[PDB]
Amino acid sequence: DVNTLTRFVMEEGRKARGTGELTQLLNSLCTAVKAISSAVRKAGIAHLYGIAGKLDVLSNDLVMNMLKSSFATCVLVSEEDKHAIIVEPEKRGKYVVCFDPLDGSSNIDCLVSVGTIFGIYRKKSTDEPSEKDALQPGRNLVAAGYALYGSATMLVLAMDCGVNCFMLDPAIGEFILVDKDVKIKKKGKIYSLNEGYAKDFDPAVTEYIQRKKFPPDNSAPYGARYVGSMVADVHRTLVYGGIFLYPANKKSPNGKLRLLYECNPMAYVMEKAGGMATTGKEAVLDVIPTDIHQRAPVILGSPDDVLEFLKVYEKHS
Amino acid sequence: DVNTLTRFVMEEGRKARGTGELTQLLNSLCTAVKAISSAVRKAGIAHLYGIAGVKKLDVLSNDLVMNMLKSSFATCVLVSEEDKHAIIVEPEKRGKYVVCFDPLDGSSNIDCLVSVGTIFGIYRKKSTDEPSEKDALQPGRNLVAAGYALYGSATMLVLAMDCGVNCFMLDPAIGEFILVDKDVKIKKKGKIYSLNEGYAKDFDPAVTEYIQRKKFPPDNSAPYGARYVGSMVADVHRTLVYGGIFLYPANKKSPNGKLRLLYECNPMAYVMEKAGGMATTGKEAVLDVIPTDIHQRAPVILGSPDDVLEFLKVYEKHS
Amino acid sequence: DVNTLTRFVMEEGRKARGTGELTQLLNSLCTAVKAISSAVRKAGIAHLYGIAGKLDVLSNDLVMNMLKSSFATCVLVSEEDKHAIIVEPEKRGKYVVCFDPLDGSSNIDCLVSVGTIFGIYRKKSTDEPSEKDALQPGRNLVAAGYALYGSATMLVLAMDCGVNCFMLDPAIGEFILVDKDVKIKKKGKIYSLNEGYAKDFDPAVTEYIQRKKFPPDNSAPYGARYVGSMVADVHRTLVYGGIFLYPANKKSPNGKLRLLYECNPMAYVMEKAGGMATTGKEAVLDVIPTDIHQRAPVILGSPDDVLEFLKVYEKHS
Amino acid sequence: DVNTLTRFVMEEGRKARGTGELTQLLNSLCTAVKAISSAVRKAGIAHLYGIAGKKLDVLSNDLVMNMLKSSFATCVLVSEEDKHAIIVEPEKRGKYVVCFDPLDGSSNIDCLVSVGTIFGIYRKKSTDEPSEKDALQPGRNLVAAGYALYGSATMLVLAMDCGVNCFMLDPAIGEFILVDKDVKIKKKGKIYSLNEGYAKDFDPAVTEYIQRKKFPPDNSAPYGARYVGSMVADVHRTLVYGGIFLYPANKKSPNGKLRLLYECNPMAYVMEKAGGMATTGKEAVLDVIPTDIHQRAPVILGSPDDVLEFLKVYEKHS
Ligand SMILES: O=C(Nc1ncc(Br)s1)NS(=O)(=O)c1ccc(-c2ccon2)s1
Ligand SMILES: O=C(Nc1ncc(Br)s1)NS(=O)(=O)c1ccc(-c2ccon2)s1
Ligand SMILES: O=C(Nc1ncc(Br)s1)NS(=O)(=O)c1ccc(-c2ccon2)s1
Ligand SMILES: O=C(Nc1ncc(Br)s1)NS(=O)(=O)c1ccc(-c2ccon2)s1
């Protein structure tokens, strides 16, 4: 039987006897995602070029405005905004959302895949909402996932019930459930990182990559793929298995990717799908943040691959 | 003044006072590309999943391109990645052009929603013989027009002709390709290199050395960034827009490369050269290779001219 | 604040503290409506005409399948089906839906406006579900309305809270709330019926229409509009006021339109908008049906107009 | 074999060995129609209602005006929306004159009634500097005419010397697909279409003609009645199903109500190319010689047997 994102979430929500607030939040976010997809695919671009005589900004505005008007949120953290946005009292609900509204858009000029990343926390205190309510470890996530605007648009949603993938059908503007309760391959054959920084790699990363090209057990060398857009590389990792790395380098000693709205949501999806996500020293989801924009190293993907990296890492202490 | 692909092509065609056959071919191709784009973006996928109670995209894309080109009355020989032999257009529909195309390049990994694309190269039939597979065995130098549609974050058609390279964005709201970048030229030198480094164990020594220079520059310059989507159209388009170098080179296990000369390497080589870039096998310009088999493979290193020249110096150093 | 059909319904649902089942039904119906709209606008018709080398049945299948899979329905009555459809046990919910999946489609060759009409009842007995569960007077309606596939696609939804109109934005597949709590004009200036059959008119219809064209006082004659598609004519009546008639005559003593999925839903929309809908003898919503396909006369619209018709009607009684 | 509007027109153009200018005009017009369709169907209306925190008839006029200007195929443009003829600037001037109604019927678009775009295309006949007078040609001089109907689906009906062809807009690919070729209207229909609200003002010929449709003297079946009130919708039904459409003069409209240049003439041309008829009562619509670009005309059009029967009634009343 066919299923849609809205109906699936309503069915899980009624099952759990929740109040509906998370459903209202996720439905609003889905509306924003469909609007981002439409603009990213350049619907209406003829009007900008004069037929009748910004994208990261628009995407941020869509997510902010839909989440605010959902009555489900109180604190909103975005890659685009220096400080947390505090929802005004009349529109406040109980959830905190950290999101990247158009990840990868710095290279959208070459039509690279881009995406929207989000993580949802429940506000724990009766204190007035503030930026500090977003300073939770990824372990506290109630839901996370991403929309990938690739060759097609897909929303990947991870909750306690598992990871589910929904294809946007542009003919009807509906997210169709196409992959249920997805689990990542135990071990893959693709590794994904920017080898342009080889001169800056930690010795553990250098050794691990060497194992991928010259395997010690005489297995076949891994293929390499690096789109340079996190959502595209991570989604490929989920679908085909393998490993994605953005480790520390000379320009980024704490990594480059952002803990709150890049690393934690992807770590949560990976773990809910039976994969792993590590900084090298600990699970991404266990890092306790002190800055809503702080960076974190991330190595994620199939469990055997991440475990193999951790073995190399531990060898170098 | 706003411009669309159709209007751009009709105006160039009236300027050149051609008969309209190439315009008819290109318009038919654009219609196929719009239909491929619609399917790649999964319009109607709800019906496959039972909303009311089927082909793979690469098969459907081949059918779309084949049928629109046959019915254009502009073509006589059609070479597709999908078909072992050239398709000969039936007599009542024959025009003067030969088209080699890859209808959905990169589709092997479309399960992960990677960018995919359509690549095409257009020749004029040279012989007065009955049309045959031999009419497709022309060097890339003979191309009349070539380019690609990239189904990425948006859909773009890049079209190269004698007048240069022009980029048209598909507006899905109205099904028109809007001219957005005119007479584009590639950067003289870039800062990105693009190849599958997972197979480093098999690299030719010149490739190994060149990549080492990009990561560990001898002149204290900044190391290049690396990008490899693994879908030729996505990687080549990034090379065009940002500059830099793309490599799918020969090695000991693959002395002729992996990519296909007629409908992958030649069209991209032609786009690159019309944009002021370069495209080499290592031994010669891709566009100068004279094919003997419509599916033969060719190595390709292409992109910003300084980057390709630097690669060629390393290649020559290793003989 | 922007509002969508889904958000509007969930909000009314949490206000009313319902279980969510009616929201699940309405979300499912909206998905079917978007899919009908897409097919009605001929998305994909190029494939039927050979680019790569029924509509009423499809519309019925979309509504049937989306409602069955909603888990909110137990008995489904459609203009397209001779008998009531009984939902299989594992998918049964508490609601009964009567619908016309593509009203007006008999003339769709000329691209006339078409529409989907629906009325939703609560199943009243604990008996095994059967056709009798749909034999409720329109007074028992929980929700009713229609989708108009006209120059744009609009969903008009009537419930206890009133009548609200939602415009389908095809770029994102969301029904946008554009007219809230709408009320019909007290008196209009348009009459709508097929005057070609004047020779069969009941004498009261003949006189009433004659008064619209040749007013006895010095008022302006009414304009005439008759699309011949019920959803188009009723929606114009709602928007501009006036009167719509498909009355009884000697050859058709029960009228021609169908009570369960044409007359009752429109009568309910009209009454919730402050309009009226009569058979001539009684309110449409008070007719107790004995046949799921039974016909009913209907005269509906602005109350002053319907009351004036009833004055002429009794005069010939 | 599948066929599209662009491909059909290029093929007819190469057959006739024209210069391509009319094709350039028609392709530009079709681009405008697709953009009007997108806006009429309310794509993007969520942004207008604040999802991120022109009137349709004005936008439609701007789309057609701008695409026709930039086509280099036109010199004088007459629109329902513009008091005076628009003169194309010298560097963009081509040889054709276009009269159009960019969004016919939009006064009631509040009720989502079908709306449409109507157009008629002339060759500029005079060598004078382009002016409003270049649009004052009788409909007989039309080179091409037709309409887009934004109804349950979007359809473009194009009439030329080769006949009338109907193209369905496939929104999935933004392409007009040829679905009805060389269309001909039924010799006689069973539907009449007019606003009977003006019955008190009808001239005796119309009153009698309508009486014949309801109470046939030969005891045949009465005609059904349909009146959307949007000309493109009513005329297209007449083309597809046959029958007759009337908008005669009345007291509010003593010279008729519909506009000669960009409503009556294009529809009259489509009807005649489809084997139908279009009369003012006194003469063929296409034979009226206009003096004012916004002048009105009575019109009775449709199946030839139906219009001929009307004209017989008209003659009887002198
Ligand atoms: O939505 C509701 N209740 C409702 N009542 C009526 C309607 Br209709 S939906 N509750 S909820 O908290 O928002 C929620 C949504 C999803 C949840 C989930 C997913 C996996 O595990 N739990 S929990
Ligand atoms: O299209 C025509 N003639 C026409 N007549 C009327 C119309 Br309308 S189009 N000829 S052509 O050969 O097909 C051609 C198309 C594009 C060309 C080109 C691009 C760059 O440099 N030359 S040449
Ligand atoms: O939807 C719910 N409950 C929910 N809880 C959480 C979420 Br999220 S939805 N209940 S309901 O019965 O389906 C219903 C829907 C609309 C209703 C209505 C409209 C006007 O007057 N009443 S009543
Ligand atoms: O388009 C051309 N020539 C071309 N050459 C190459 C290309 Br490609 S198009 N000429 S034309 O005048 O514009 C014209 C268009 C349609 C016409 C017609 C329809 C019915 O009867 N005549 S005549």
# chains A, B, ... in the order shown; residues from 1 in each chain; ligands from 1
$ residues_near_ligand --ligand "ligand 3" --cutoff "7 Å" --atoms "only C-alpha atoms and all ligand atoms" --output "count of residues only"
24
$ interface_residues --of "chain A" --to "chain D" --cutoff "8 Å" --atoms "only C-alpha atoms" --output "PyMOL selection string"
chain A and resi 32+51-53+58+61-66+171
$ write_last_selection --atoms "N, CA and C atoms" --output "PDB file, in the first residue's frame"
ATOM      1  N   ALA A  32       8.313  23.507   3.484  1.00  0.00           N
ATOM      2  CA  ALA A  32       9.500  24.300   3.167  1.00  0.00           C
ATOM      3  C   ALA A  32      10.416  23.557   2.195  1.00  0.00           C
ATOM      4  N   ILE A  51      11.292  37.496 -18.850  1.00  0.00           N
ATOM      5  CA  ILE A  51      10.294  36.984 -19.782  1.00  0.00           C
ATOM      6  C   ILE A  51       9.101  37.925 -19.864  1.00  0.00           C
ATOM      7  N   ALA A  52       8.755  38.587 -18.762  1.00  0.00           N
ATOM      8  CA  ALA A  52       7.664  39.554 -18.754  1.00  0.00           C
ATOM      9  C   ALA A  52       8.163  40.996 -18.851  1.00  0.00           C
ATOM     10  N   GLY A  53       9.409  41.204 -19.266  1.00  0.00           N
ATOM     11  CA  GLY A  53       9.961  42.547 -19.375  1.00  0.00           C
ATOM     12  C   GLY A  53      10.853  42.937 -18.206  1.00  0.00           C
ATOM     13  N   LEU A  58      16.743  32.529   0.468  1.00  0.00           N
ATOM     14  CA  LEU A  58      15.358  32.100   0.318  1.00  0.00           C
ATOM     15  C   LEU A  58      15.091  30.822   1.112  1.00  0.00           C
ATOM     16  N   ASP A  61      14.783  31.514   4.700  1.00  0.00           N
ATOM     17  CA  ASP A  61      13.511  32.175   4.995  1.00  0.00           C
ATOM     18  C   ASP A  61      12.348  31.197   4.987  1.00  0.00           C
ATOM     19  N   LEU A  62      12.339  30.265   4.028  1.00  0.00           N
ATOM     20  CA  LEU A  62      11.280  29.261   3.965  1.00  0.00           C
ATOM     21  C   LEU A  62      11.262  28.393   5.219  1.00  0.00           C
ATOM     22  N   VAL A  63      12.424  27.864   5.620  1.00  0.00           N
ATOM     23  CA  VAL A  63      12.463  26.997   6.799  1.00  0.00           C
ATOM     24  C   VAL A  63      12.106  27.784   8.061  1.00  0.00           C
ATOM     25  N   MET A  64      12.724  28.957   8.249  1.00  0.00           N
ATOM     26  CA  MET A  64      12.415  29.781   9.417  1.00  0.00           C
ATOM     27  C   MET A  64      10.927  30.076   9.492  1.00  0.00           C
ATOM     28  N   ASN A  65      10.352  30.533   8.386  1.00  0.00           N
ATOM     29  CA  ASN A  65       8.965  30.965   8.457  1.00  0.00           C
ATOM     30  C   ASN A  65       8.015  29.787   8.645  1.00  0.00           C
ATOM     31  N   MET A  66       8.272  28.661   7.974  1.00  0.00           N
ATOM     32  CA  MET A  66       7.401  27.508   8.160  1.00  0.00           C
ATOM     33  C   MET A  66       7.517  26.947   9.575  1.00  0.00           C
ATOM     34  N   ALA A 171       5.015  15.871  -9.683  1.00  0.00           N
ATOM     35  CA  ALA A 171       3.730  15.985 -10.372  1.00  0.00           C
ATOM     36  C   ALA A 171       2.598  16.290  -9.401  1.00  0.00           C
TER      37      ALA A 171
END
$ residues_near_ligand --ligand "ligand 2" --cutoff "8 Å" --atoms "only C-alpha atoms and all ligand atoms" --output "ChimeraX atom specification"
/B:9-24,161-164 /D:10,13-14,18-24
$ write_last_selection --atoms "C-alpha atoms" --output "compact mmCIF listing (two decimals), in the first residue's frame"
# COMPACT_ATOMS: atom_id res chain seq x y z
CA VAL B 9 18.98 28.51 -32.58
CA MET B 10 16.44 29.90 -35.07
CA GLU B 11 18.19 33.27 -35.04
CA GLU B 12 21.65 31.78 -35.61
CA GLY B 13 20.10 29.59 -38.30
CA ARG B 14 18.52 32.51 -40.14
CA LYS B 15 21.81 34.41 -39.80
CA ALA B 16 23.63 31.51 -41.47
CA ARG B 17 20.67 31.02 -43.85
CA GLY B 18 20.71 27.27 -43.32
CA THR B 19 17.76 25.10 -44.33
CA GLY B 20 16.49 24.58 -40.75
CA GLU B 21 17.45 20.93 -40.47
CA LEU B 22 19.86 21.43 -37.56
CA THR B 23 17.27 23.63 -35.82
CA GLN B 24 14.70 20.84 -36.24
CA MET B 161 28.77 25.26 -31.91
CA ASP B 162 31.05 27.38 -34.10
CA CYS B 163 29.60 30.48 -32.42
CA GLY B 164 30.90 29.15 -29.06
CA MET D 10 8.77 24.50 -38.61
CA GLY D 13 7.29 26.67 -42.70
CA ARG D 14 9.87 24.66 -44.63
CA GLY D 18 8.99 31.06 -45.82
CA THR D 19 11.75 33.04 -44.15
CA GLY D 20 10.99 31.70 -40.64
CA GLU D 21 9.66 34.97 -39.23
CA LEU D 22 6.13 33.63 -38.61
CA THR D 23 7.64 30.57 -36.89
CA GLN D 24 9.70 32.89 -34.67
$ closest_atom_pairs --of "region 146-210 of chain D" --to "region 147-150 of chain C" --cutoff "12 Å" --atoms "only C-alpha atoms" --output "CSV"
residue,atom,partner,partner_atom,distance
D:149,CA,C:150,CA,11.0
D:150,CA,C:150,CA,8.1
D:151,CA,C:150,CA,5.7
D:152,CA,C:150,CA,5.4
D:153,CA,C:150,CA,8.5
D:154,CA,C:150,CA,10.4
$ interface_residues --of "chain A" --to "chain B" --cutoff "6 Å" --atoms "only C-alpha atoms" --output "PyMOL selection string"
chain A and resi 2+41-45+49-51+110-113+149-152+169-171+194-196+213+222-227+236+239
$ interface_residues --of "chain C" --to "chain A" --cutoff "6 Å" --atoms "only C-alpha atoms" --output "list in words"
residues 34, 35, 172 and 173 of chain C
$ residues_around --residues "residue 116 (chain C)" --least-positions-apart "5" --cutoff "6 Å" --atoms "only C-alpha atoms" --output "VMD selection string"
chain C and resid 100 to 103 146 to 147
$ residues_around --residues "region 176-182 of chain C" --least-positions-apart "6" --cutoff "6 Å" --atoms "only C-alpha atoms" --output "number ranges by chain"
C: 3-4, 162-167, 273
$ closest_residue --among "A:259, A:87, A:144, A:134" --to "ligand 1" --atoms "only C-alpha atoms and all ligand atoms"
A:144
$ closest_residue --among "B:70, B:317, B:56, B:295" --to "chain D" --atoms "only C-alpha atoms"
B:70
